[PDB]
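Asks: Sequence below, structure please.
(9 chains)
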Amino acid sequence: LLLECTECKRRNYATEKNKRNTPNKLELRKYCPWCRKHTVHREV
Amino acid sequence: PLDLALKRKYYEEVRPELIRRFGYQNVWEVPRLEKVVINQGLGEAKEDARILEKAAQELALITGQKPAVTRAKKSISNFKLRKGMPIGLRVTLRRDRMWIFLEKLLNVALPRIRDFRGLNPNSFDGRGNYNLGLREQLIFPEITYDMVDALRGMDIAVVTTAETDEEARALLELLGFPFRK
Amino acid sequence: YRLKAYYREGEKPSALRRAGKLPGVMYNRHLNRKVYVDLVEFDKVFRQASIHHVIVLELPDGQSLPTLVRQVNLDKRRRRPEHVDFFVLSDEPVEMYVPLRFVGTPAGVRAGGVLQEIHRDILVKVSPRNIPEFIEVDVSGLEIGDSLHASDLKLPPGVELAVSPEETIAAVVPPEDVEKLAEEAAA
Amino acid sequence: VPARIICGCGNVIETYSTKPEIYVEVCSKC
Amino acid sequence: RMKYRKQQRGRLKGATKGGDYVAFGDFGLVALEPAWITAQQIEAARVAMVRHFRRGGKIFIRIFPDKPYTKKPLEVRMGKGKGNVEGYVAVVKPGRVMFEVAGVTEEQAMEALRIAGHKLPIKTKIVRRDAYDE
Amino acid sequence: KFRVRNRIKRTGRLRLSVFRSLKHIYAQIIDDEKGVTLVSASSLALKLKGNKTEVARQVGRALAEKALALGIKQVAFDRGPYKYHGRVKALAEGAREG
Amino acid sequence: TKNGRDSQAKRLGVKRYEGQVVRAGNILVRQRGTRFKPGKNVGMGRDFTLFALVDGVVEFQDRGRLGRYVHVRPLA
RNA sequence: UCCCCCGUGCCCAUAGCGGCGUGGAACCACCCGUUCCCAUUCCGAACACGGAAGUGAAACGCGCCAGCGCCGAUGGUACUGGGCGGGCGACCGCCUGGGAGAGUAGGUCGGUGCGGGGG
RNA sequence: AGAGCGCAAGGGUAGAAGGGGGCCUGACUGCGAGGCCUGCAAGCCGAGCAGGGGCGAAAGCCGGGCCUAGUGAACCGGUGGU
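Replies: Numbers count the residues shown, from 1 in each chain, chains lettered A, B, ... in the order given. Take a look at the structure below.
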């Protein structure tokens, strides 16, 4: 699948890849947004 | 528990009799029991892990030790196995773990086996090791009757500081090991 | 078998051949030297003797040496030797090949077969004193399909072998014929 | 706890494992 | 046989390793010319020799044809030969032993091999055993 | 099992070959690139008591006094077969007390 | 006649022979697996590309069982 | 300067496999134990901790040993930069200069740097 | 080391790149020394710096997977933000 994670409390993004079927229902991994430094992200 | 009736059988009865049949030079040559490694190769209860728990914990009653599991390697499609679902209940005991279990064995386990003429003395593989299998495992002291829902059997394992099995045949027996001769 | 030995040095390899003088070498633990022996003389000496009988080598020094033909390199394309080796002996135990003789006819050939001799010589570890010209092998009771291994030979005094005592000396084989040809090119 | 093996043929053995109420039936002494 | 499929032509370079020493039997037969001996060629010899001395001696085929001789079906250029018409061949280079005989006196193993050579393309040369071993 | 003794070598300089016996505890500041050890503070090759870790603590500061007296700093620790823990970590203790 | 294919040759091998001045961090050897390795001032990356970590001369050492390494000795 | 042991580098089998043998004063190993740190898919086997008593058997250190592996000439050749002559071709031969593998002779159960203990 | 290392092959590899477990997500942002390859375009390798982190006692290691296929100039359009 084609995926791009978004930032909480904001709207940052990054390149990524989903897999759907296989163990990939939830997706909340950490990153390094621009506005400030370091927060959590999502799926869709 | 560094004291039990079969621990000193070796110490004060079997050790000096082992120097008589061979005569060594160093005290650390006399063949020494020191490594029993029981195993349960039940591919039978492969599908459900439900019976697996009842077999291991039940195994803990006789072994008296925390039991672990061995995973399989290849892929026996012919009896339906792939990665590592297969199960073998392994539990290695040393020190006085074995000395308390082997006491329930030669004095309480073997005799109460259905028609037991004697052990099979062909089971010496060459090195100072020895092996044997069984069916009904309820031939054990703690295991009762209204607790067994299947007669799943096992096969044990014994190590010794013995090079030649002719030394093994003299060590095990002296500790109270009943063979068929 | 004696043979006049000659000393070679810088002389080009091939040019010696254009003299009928086959180049060669003698050597051992205590020696190394280039040589060259006449081909005709060599030939007559070698044929009869080969790598079993010992061949003495007379140098322009009045020297007699107890050499053995460790190896001999031949020129593929019209069997003819290019180079010879000579192993100088002393009187310490040494390995070499010894000839073979098979007396009488087996219960094979006498009935109808063919003697398939695998070796004509066996490897032995022996001193220059003892150099048996042949090792008897009573191949009388060798039925078709049987064979005599290295573990049963007429080993003379103080002559221990050098190859595996399980290695086979020879075998009695089935005679191939026309009666087979109907079944051979058939199925 | 030092178990208690009470089989039909005397031979009351004392060893080490759970519940010292091991009613054995014809052990090694028979 | 196993190997795998069709192989390349190659070149009959010199005589280098193509050459031997009689290893089995009394007499011997060896090649003077380089060439591509076929299967049915060797067969043509195998038979003849045995048809000479029925209930005679044992024959040894020292060479062996493991080179896929290729060919094309009467047309032109698409793809490489399905070949295998003649079958599989042996690279035979001058000095190479090809047929060993035994259990047969001179006049036997002499008129046996010679015949073979006449079912054979190249030129041949029967051999005794001299003494040249190794 | 000398995988650990491997990587450290490519790192930097001034190693610390910590080797602990059964009651003893050696240690070596060995400058690779030639095979030459400088200070090698011993334990039961020295004169110390017999309490392993207790003796292991002291076998660290004994290096510090011979470390700055030859001018060393690089802490480049080598952990051979032994896993970072006791008689092998109280090896760092005093050797990192200062 | 499915047989007319091949792979764009990747042009591998060594690229800086022993005794040769190499600038700060240029390439030395592009290899398949581990025919070579790092060495004094010689890092490498994903494809197994040996290069320099400094300037200096390239040199080839041979350590039998241990394999073959290629390092640089600098001058400063 | 010299000998033993310990740690650790260097060449990468001429170091290795196997055999016999010798060491417990020092040193190393085993070992006593699992209270502590700490550990096992289960087990103090490995990892780990506290320590005397016992030993050299194992592990190891050191020799002797050639049966295996390994190493392996000289000579000759094959092949061959380069030059040139013969034949229909498959090919062949000479000059110049280079020159393997294979095998033979035979070699080996090795060498040394720094640091530390010890007479 | 004839296994394994997702899949063809190859080189490679146990002195780990293979197998299990713990904690984690550097399948980072901002640049890029110097080269590999190369007609162009393109592909490729990467020391190191800054910020902010991750596993580790530390040394350190991390800009996805042992590596080499798993792909598409540009134009024209889709959604988000500054």
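Asks: So residue C:67 belongs to a strand, correct?
Replies: Yes. Counting by DSSP: H, G, I helix; E, B strand; the rest coil, residue C:67 is found in a strand.
Asks: Ramachandran angles for residue C:25?
Replies: phi -150, psi 130 (degrees, to the nearest 10).
Asks: what does residue C:63 give?
Replies: Dihedral pair for residue C:63: phi -100, psi 130, per degrees, to the nearest 10.
Asks: What count of nearby residues applies to residue B:151?
Replies: Residue B:151 has 10 neighbouring residues, counting by other Cβ atoms under 10 Å in any protein chain shown. C-beta: built from backbone N, CA, C; applies to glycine.
Asks: again with residue C:182
Replies: Using other Cβ under 10 Å, residue C:182 has 8 other residues around it.
Asks: Which helix or strand contains it?
Replies: helix C:181-184 (DSSP states H and E).
Asks: Verify the stated contact: residue F:60 with residue F:88.
Replies: No. At 10.9 Å, residue F:60 and residue F:88 do not qualify as touching, with contact defined as Cβ atoms under 8 Å.
Asks: so does the helix holding residue C:182 get close to chain E?
Replies: Yes. Residues of helix C:181-184 contacting chain E under Cβ under 8 Å from any Cβ of the partner chain: residue C:181.
Asks: Export that helix to CSV, keeping only CA atoms.
Replies: Below are the C-alpha coordinates for helix C:181-184, written out as CSV (Å, rounded to 0.1, in the frame of the first residue of the first chain):
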residue,chain,number,x,y,z
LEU,C,181,25.0,-58.8,-29.0
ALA,C,182,21.4,-60.0,-29.6
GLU,C,183,20.4,-58.7,-26.2
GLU,C,184,22.7,-55.7,-26.1
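Asks: packing partners for that helix?
Replies: helix E:39-52 (3 or more Cβ pairs under 8 Å, 6 or more residues apart in numbering or on different chains; DSSP states H and E).
Asks: next one: the following helix or strand past the helix it packs on to chain centre, how far?
Replies: For helix E:39-52, the succeeding helix or strand toward the C-terminus, using DSSP H and E, is strand E:59-61. Taking Cα atoms, centre = their mean, to the nearest Å, one finds strand E:59-61 lying 10 Å from the centre of the chain it belongs to.
Asks: do strand E:59-61 and chain C meet at all?
Replies: Yes. Strand E:59-61 is in contact with chain C by Cβ under 8 Å from any Cβ, via residue E:59.
Asks: So the closest residue to RNA strand H within chain G versus residue G:33, what's the distance?
Replies: Using Cβ to the nearest atom of the strand, the single residue of chain G nearest to RNA strand H is residue G:64, 2.2 Å away. Distance from residue G:64 to residue G:33, counting by Cβ to Cβ, to the nearest Å: 18 Å.
Asks: Please name the nearest non-neighbouring residue to the residue nearest the centre of chain C.
Replies: The residue lying closest to the centre of chain C (Cα atoms, centre = their mean) is residue C:51, at 4.0 Å. Ranked by Cβ to Cβ, 6 or more residues apart in numbering or on different chains and with sequence neighbours excluded, the top spatial neighbour of residue C:51 is residue C:69, at 4.7 Å.
Asks: What distance do you get for the one you found to residue C:42?
Replies: Distance from residue C:69 to residue C:42, by Cβ to Cβ: 10 Å.
Asks: Now do the shared contacts for these two.
Replies: With contacts taken as Cβ atoms under 8 Å, 6 or more residues apart in numbering or on different chains, the residues that reach both residue C:69 and residue C:42 are residue C:84.
Asks: So what's the residue count around the residue of chain G found nearest chain C?
Replies: Minimum separation of chain G from chain C (Cβ to the nearest Cβ) falls at residue G:64, amounting to 30.1 Å. Residues near residue G:64, counting by other Cβ under 10 Å, number 6.
Asks: How are the strands of chain B distributed by residue range?
Replies: B:33-41, B:68-70, B:88-93, B:158-160 (DSSP state E).
Asks: Save those as CSV, and put in distance to residue F:46 and mean neighbour count too.
Replies: As requested, the strands of chain B are arranged in CSV below (distance: least, Cβ to Cβ, whole Å; neighbours: other Cβ atoms under 10 Å in any protein chain shown):
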stretch, distance to residue F:46, mean neighbour count
strand B:33-41, 37, 18
strand B:68-70, 44, 13
strand B:88-93, 40, 18
strand B:158-160, 41, 20
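Asks: Output these as CSV; include the columns distance to RNA strand H.
Replies: Below are the strands of chain B laid out as CSV (distance: least, Cβ to the nearest atom of the strand, whole Å):
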stretch, distance to RNA strand H
strand B:33-41, 7
strand B:68-70, 3
strand B:88-93, 3
strand B:158-160, 10
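Asks: quick one: which of these is nearest RNA strand I?
Replies: In terms of Cβ to the nearest atom of the strand, the element of the strands of chain B nearest to RNA strand I is strand B:68-70, at 11.5 Å.
Asks: Single out the residue in chain E that lies closest to chain G.
Replies: Nearest to chain G in chain E, going by Cβ to the nearest Cβ, is residue E:79, at a distance of 3.7 Å.
Asks: could you list every residue that touches that residue?
Replies: Residue E:79 neighbours (Cβ under 8 Å, 6+ apart): G:1, G:3.
Asks: In chain G, which residue sits nearest chain B?
Replies: For chain G and chain B, the shortest gap (Cβ to the nearest Cβ) falls at residue G:33, measuring 26.7 Å.
Asks: Next, work out how far apart whichever residue of chain D sits closest to chain E and residue B:100 are.
Replies: In chain D, the residue that lies nearest chain E is residue D:17 (61.8 Å; Cβ to the nearest Cβ). Plainly put, residue D:17 is 7 Å away from residue B:100 if you go by Cβ to Cβ.
Asks: Mutual contacts of those two, please.
Replies: Shared contacts of residue D:17 and residue B:100, defined by Cβ under 8 Å, 6+ apart, are found at residue B:64.
Asks: Distance check, residue C:50 against residue E:51.
Replies: Distance of residue C:50 to residue E:51, computed by Cβ to Cβ: 35 Å.
Asks: wait, residue B:52
Replies: Relative to residue E:51, and taking Cβ to Cβ, residue B:52 is found at 74 Å.
Asks: Those two: which has the busier surroundings?
Replies: residue B:52 (18 against 14).
Asks: How about residue E:34, nearest residue that isn't a chain neighbour?
Replies: residue E:12 (4.0 Å).
Asks: neighbours of the one you found, just the number please.
Replies: Using other Cβ under 10 Å, residue E:12 is surrounded by 15 other residues.
Asks: Got phi/psi on it?
Replies: As for residue E:12, its main-chain torsions (degrees, to the nearest 10) stand at phi -80, psi 50.
Asks: you'd agree it is up against residue E:96?
Replies: No. Counting by Cβ under 8 Å, residue E:12 sits too far from residue E:96 to count as a contact (11.5 Å).
Asks: Show the contacting residues for residue D:4.
Replies: Residue D:4 touches D:12, D:14, D:20, D:21, D:22, counting by Cβ under 8 Å, 6+ apart.
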